[PDB]
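For reference, the structure discussed in these notes is given below.
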Amino acid sequence: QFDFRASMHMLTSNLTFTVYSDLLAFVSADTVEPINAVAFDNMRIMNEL
Amino acid sequence: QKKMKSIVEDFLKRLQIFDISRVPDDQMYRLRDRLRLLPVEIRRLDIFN
């Protein structure tokens, strides 16, 4: 049998939010000039210039 | 940031007996390395000083 007391509930959620998928779209990424690119040892990748 | 190949290229061109089109860049940079070890001529060195 349907019982109103047993069926009435309060459903709770958030009022609103925005879900994002591409996090790296929020990063502004630039690179140095390749002439000045250095390696792990802090010296230029190509030194013969 | 200065690639010195041009210098060496000009150098070879002024010897008038080589065809620089036949000279690879590695050879020109080896010439650069050998030239880099020589002292500068006295007049040129004093002008640069």
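By convention in this document, the chains of the structure tokens carry letters A, B, ... by their order, each chain's residues are numbered from 1, and ligands are numbered from 1 in the order they are shown.
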
Give the residues of chain A that lie within 9 Å of chain B; count only C-alpha atoms, and format the answer as a PDB file with C-alpha atoms, in the first residue's frame.
```pdb
ATOM      1  CA  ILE A  35      68.130  28.605 -29.323  1.00  0.00           C
ATOM      2  CA  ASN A  36      67.925  29.106 -25.541  1.00  0.00           C
ATOM      3  CA  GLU A  48      77.525  23.920 -31.395  1.00  0.00           C
ATOM      4  CA  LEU A  49      75.409  26.970 -32.314  1.00  0.00           C
TER       5      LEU A  49
END
```

Open item on the list: Could you pull out the alpha helix (DSSP H) residues of chain B, going by DSSP on the backbone, and write them as a PyMOL selection string?
Closed with: chain B and resi 5-15+25-36+42-48

Just-selected residues, N, CA, C and O atoms written as a compact mmCIF listing (two decimals), in the first residue's frame:
```txt
# COMPACT_ATOMS: atom_id res chain seq x y z
N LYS B 5 78.58 29.89 -38.14
CA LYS B 5 78.82 29.26 -39.43
C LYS B 5 79.04 30.31 -40.51
O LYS B 5 80.00 30.23 -41.29
N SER B 6 78.18 31.33 -40.55
CA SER B 6 78.31 32.38 -41.56
C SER B 6 79.73 32.92 -41.60
O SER B 6 80.34 32.98 -42.67
N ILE B 7 80.28 33.28 -40.44
CA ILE B 7 81.65 33.77 -40.39
C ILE B 7 82.57 32.81 -41.14
O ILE B 7 83.20 33.18 -42.14
N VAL B 8 82.59 31.55 -40.72
CA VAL B 8 83.47 30.58 -41.36
C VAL B 8 83.13 30.47 -42.83
O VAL B 8 84.03 30.42 -43.68
N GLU B 9 81.84 30.46 -43.17
CA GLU B 9 81.47 30.42 -44.58
C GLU B 9 82.14 31.57 -45.32
O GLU B 9 82.89 31.34 -46.28
N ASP B 10 81.97 32.79 -44.82
CA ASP B 10 82.63 33.94 -45.44
C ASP B 10 84.12 33.70 -45.53
O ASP B 10 84.73 33.90 -46.59
N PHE B 11 84.72 33.21 -44.45
CA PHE B 11 86.15 32.93 -44.45
C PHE B 11 86.52 32.05 -45.64
O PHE B 11 87.37 32.43 -46.46
N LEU B 12 85.82 30.93 -45.80
CA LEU B 12 86.15 30.04 -46.90
C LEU B 12 85.94 30.73 -48.24
O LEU B 12 86.76 30.60 -49.16
N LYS B 13 84.86 31.51 -48.36
CA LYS B 13 84.58 32.18 -49.62
C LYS B 13 85.71 33.11 -50.00
O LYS B 13 85.98 33.32 -51.19
N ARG B 14 86.40 33.68 -49.01
CA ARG B 14 87.43 34.65 -49.33
C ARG B 14 88.75 33.98 -49.66
O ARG B 14 89.69 34.66 -50.07
N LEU B 15 88.85 32.66 -49.48
CA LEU B 15 90.03 31.94 -49.92
C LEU B 15 89.98 31.62 -51.41
O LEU B 15 91.01 31.31 -52.00
N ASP B 25 78.30 21.76 -42.81
CA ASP B 25 78.34 22.66 -41.66
C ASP B 25 79.24 22.13 -40.55
O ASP B 25 79.85 22.91 -39.82
N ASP B 26 79.32 20.80 -40.40
CA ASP B 26 80.19 20.23 -39.38
C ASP B 26 81.64 20.61 -39.62
O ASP B 26 82.37 20.94 -38.68
N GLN B 27 82.08 20.55 -40.87
CA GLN B 27 83.45 20.95 -41.19
C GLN B 27 83.68 22.43 -40.90
O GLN B 27 84.74 22.81 -40.40
N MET B 28 82.69 23.27 -41.20
CA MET B 28 82.82 24.69 -40.91
C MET B 28 82.91 24.93 -39.41
O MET B 28 83.66 25.82 -38.97
N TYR B 29 82.18 24.17 -38.61
CA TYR B 29 82.26 24.36 -37.16
C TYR B 29 83.55 23.79 -36.59
O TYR B 29 84.06 24.31 -35.59
N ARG B 30 84.11 22.76 -37.21
CA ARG B 30 85.45 22.31 -36.83
C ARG B 30 86.49 23.39 -37.15
O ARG B 30 87.41 23.63 -36.35
N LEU B 31 86.35 24.04 -38.30
CA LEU B 31 87.21 25.18 -38.61
C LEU B 31 87.02 26.29 -37.59
O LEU B 31 87.99 26.94 -37.19
N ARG B 32 85.78 26.54 -37.18
CA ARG B 32 85.52 27.53 -36.14
C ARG B 32 86.25 27.17 -34.86
O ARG B 32 86.84 28.04 -34.21
N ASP B 33 86.20 25.90 -34.47
CA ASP B 33 86.87 25.47 -33.24
C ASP B 33 88.37 25.69 -33.34
O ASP B 33 89.01 26.14 -32.38
N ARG B 34 88.97 25.36 -34.49
CA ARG B 34 90.40 25.57 -34.65
C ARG B 34 90.76 27.05 -34.66
O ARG B 34 91.77 27.45 -34.06
N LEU B 35 89.95 27.88 -35.32
CA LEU B 35 90.21 29.31 -35.34
C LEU B 35 90.08 29.92 -33.95
O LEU B 35 90.83 30.83 -33.59
N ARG B 36 89.13 29.42 -33.16
CA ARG B 36 88.88 29.97 -31.83
C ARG B 36 90.07 29.85 -30.90
O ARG B 36 90.18 30.61 -29.94
N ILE B 42 97.56 41.67 -33.50
CA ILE B 42 97.82 42.71 -32.51
C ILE B 42 96.97 43.95 -32.78
O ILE B 42 96.35 44.51 -31.87
N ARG B 43 96.92 44.39 -34.04
CA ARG B 43 96.15 45.59 -34.37
C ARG B 43 94.67 45.36 -34.12
O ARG B 43 93.99 46.20 -33.51
N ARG B 44 94.14 44.23 -34.59
CA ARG B 44 92.73 43.93 -34.38
C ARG B 44 92.42 43.78 -32.90
O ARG B 44 91.39 44.25 -32.42
N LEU B 45 93.32 43.12 -32.15
CA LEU B 45 93.10 42.94 -30.72
C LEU B 45 93.07 44.27 -29.99
O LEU B 45 92.24 44.49 -29.11
N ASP B 46 93.98 45.18 -30.35
CA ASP B 46 94.00 46.49 -29.70
C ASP B 46 92.76 47.31 -30.05
O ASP B 46 92.22 48.02 -29.19
N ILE B 47 92.32 47.24 -31.30
CA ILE B 47 91.10 47.94 -31.68
C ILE B 47 89.91 47.40 -30.89
O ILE B 47 89.08 48.17 -30.39
N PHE B 48 89.83 46.08 -30.75
CA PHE B 48 88.75 45.50 -29.94
C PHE B 48 88.88 45.89 -28.48
O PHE B 48 87.86 46.05 -27.80
```

TODO: Have a look at atom CA of residue A:46 and atom CA of residue A:32 and let me know their distance in Å, one decimal.
DONE: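 A separation of 14.1 Å between them.
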
Task: residue A:34 environment, 10 Å, only C-alpha atoms, sequence neighbours closer than 3 positions dropped, as JSON, numbers by chain - done: {"A": [31, 37, 38, 44, 45, 46]}

Could you write out the selected residues, including N, CA and C atoms, as a compact mmCIF listing (two decimals), in the first residue's frame?
```
# COMPACT_ATOMS: atom_id res chain seq x y z
N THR A 31 56.77 28.63 -24.53
CA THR A 31 58.09 28.01 -24.56
C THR A 31 59.13 29.06 -24.89
N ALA A 37 66.92 26.88 -25.36
CA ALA A 37 66.43 25.73 -24.61
C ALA A 37 67.59 24.98 -23.97
N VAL A 38 67.44 24.67 -22.68
CA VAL A 38 68.47 24.01 -21.90
C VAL A 38 68.00 22.62 -21.51
N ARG A 44 72.66 24.49 -22.56
CA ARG A 44 71.84 24.43 -23.76
C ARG A 44 71.84 23.03 -24.35
N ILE A 45 70.69 22.63 -24.89
CA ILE A 45 70.56 21.30 -25.48
C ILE A 45 71.58 21.12 -26.60
N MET A 46 71.66 22.09 -27.50
CA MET A 46 72.62 22.08 -28.60
C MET A 46 73.54 23.28 -28.44
```
